[PDB]
Amino acid sequence: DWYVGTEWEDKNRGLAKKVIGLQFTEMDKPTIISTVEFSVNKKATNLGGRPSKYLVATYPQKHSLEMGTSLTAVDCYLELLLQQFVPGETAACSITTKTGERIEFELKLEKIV
Amino acid sequence: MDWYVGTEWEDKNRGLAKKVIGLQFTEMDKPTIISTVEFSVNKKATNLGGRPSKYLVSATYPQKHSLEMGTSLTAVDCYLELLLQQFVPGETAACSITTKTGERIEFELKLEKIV
């Protein structure tokens with residue numbers, strides 16, 4: 001869950017750290033040409049019958065994704081979203097369509113390969 | 001504080017929204033024993049006394065540095081390597097080194113990058 005405000009200690013050597021801030025940059029996020037591994041934490045909401053290789057079963061659902069390879073609208077939008085994550089981050093995401101149907105899902109970016 | 005969890009990102013033009021609800025970092029995201037990092041010291045340290053440090057210090061801040069792990073020569077620097085090895089790039093943390101004397105040395109670091 002929360003990282004900022006966390007404490008780490010090596011009591012044997014008198015060392016302590018308290019996180020007071022987190023500032024991520026484009027440098028820490030997946031790029032347009034990256035390959036990532038991510039998780040889907042539960043069934044998506046309002047996916048309807050929309051085709052997706054990644055969204056839908058048992059959870060979490062693990063995946064590997066090479067950016068630029070997706071073939072469906074939903075997957076393409078999920079690439080763009082994942083490109084705004086940092087490895088280790090879980091986020092509640094949505095895609096709202098031209099009709100106003102919103103698809104809801106929860107992802108974790110595990111790593112940038 | 002500079003929080004990330006709870007942060008919201010939007011691409012309104014294309015109907016995309018994201019809300020960070022958790023962060024889980026692992027040893028894989030932190031500097032290793034053989035890494036080279038770039039970090040910042042945000043202000044003068046407290047109670048450094050006169051202990052030697054290449055990195056710690058009425059100069060102007062922030063102070064920028066590059067550190068090849070395992071090259072430090074002073075107790076304070078060596079302990080600062082160990083501490084930095086518990087950061088993720090982008091993290092600012094209030095750190096301390098407490099000696100046997102019972103006294104604590106305080107400083108504020110930001111890990112900027114793993115080279």
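All chains are named by letter (A, B, ...) in the order of the sequence lines, taking the proteins before the strands, and each is independently numbered beginning at 1. The figures here come from the full heavy-atom set of this structure, side chains too, leaving out hydrogens, waters and symmetry mates.
Across B:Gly6, B:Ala94, B:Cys95, the residue that shares the most heavy-atom pairs under 4.5 angstrom with chain A is B:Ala94. The residue among B:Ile97, B:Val88, B:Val5 with the most heavy atom pairs within less than 4.5 Å of chain A is B:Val5.
Considering CE of B:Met1 and CD1 of A:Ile20, their distance stands at 6.5 Å, rounded to 0.5 Å.
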Compile the donor-acceptor pairs, distance criterion under 3.5 Å only, formed between chain B and chain A.
from    : atom 1 : to       : atom 2 : distance (Å)
B:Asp2  : N      : A:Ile20  : O      : 3.3
B:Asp2  : O      : A:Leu22  : N      : 2.8
B:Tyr4  : OH     : A:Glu89  : OE1    : 2.8
B:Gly15 : O      : A:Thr96  : N      : 2.7
B:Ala17 : N      : A:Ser94  : O      : 3.1
B:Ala17 : O      : A:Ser94  : N      : 2.8
B:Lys18 : NZ     : A:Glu89  : OE2    : 2.3
B:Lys19 : N      : A:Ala92  : O      : 2.8
B:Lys19 : O      : A:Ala92  : N      : 2.9
B:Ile21 : N      : A:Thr90  : O      : 2.8
B:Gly22 : N      : A:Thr90  : O      : 3.2
B:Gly22 : O      : A:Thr90  : N      : 3.0
B:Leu23 : N      : A:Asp1   : O      : 2.8
B:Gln24 : N      : A:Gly88  : O      : 2.8
B:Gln24 : OE1    : A:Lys108 : NZ     : 3.1
B:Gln86 : O      : A:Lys17  : NZ     : 2.9
B:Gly90 : O      : A:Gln23  : N      : 2.8
B:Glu91 : OE1    : A:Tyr3   : OH     : 2.7
B:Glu91 : OE1    : A:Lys17  : NZ     : 3.2
B:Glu91 : OE2    : A:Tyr3   : OH     : 3.3
B:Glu91 : OE2    : A:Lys17  : NZ     : 2.3
B:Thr92 : N      : A:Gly21  : O      : 2.9
B:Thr92 : O      : A:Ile20  : N      : 2.9
B:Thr92 : O      : A:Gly21  : N      : 3.2
B:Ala94 : N      : A:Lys18  : O      : 2.8
B:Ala94 : O      : A:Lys18  : N      : 2.8
B:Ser96 : N      : A:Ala16  : O      : 2.9
B:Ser96 : O      : A:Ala16  : N      : 3.1
B:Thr98 : N      : A:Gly14  : O      : 2.7

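Residues A:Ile103 and A:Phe38 are members of one and the same hydrophobic cluster, defined by side-chain heavy-atom contacts under 4.5 angstrom among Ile, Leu, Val, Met, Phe, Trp and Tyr. Following chains of ILVMFWY side-chain contacts shorter than 4.5 Å, one can reach B:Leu16 starting from A:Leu65, so the two form part of one hydrophobic cluster.
When all heavy atoms of A:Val36 and A:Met67 are compared, the pair lying nearest together is CG2-CE, 3.8 Å. Closest approach of B:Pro31 to B:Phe87, counting heavy atoms only: CD-O, 3.1 Å. A:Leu109 and A:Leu82 get closest at one heavy-atom pair: CD2-O, 4.2 Å.
The shortest side-chain heavy-atom distance between B:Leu56 and B:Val41 falls under the 4.5 Å cut-off.
Looking at B:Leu82, only its side chain comes within 4.5 Å of chain A, counting heavy atoms on both sides.
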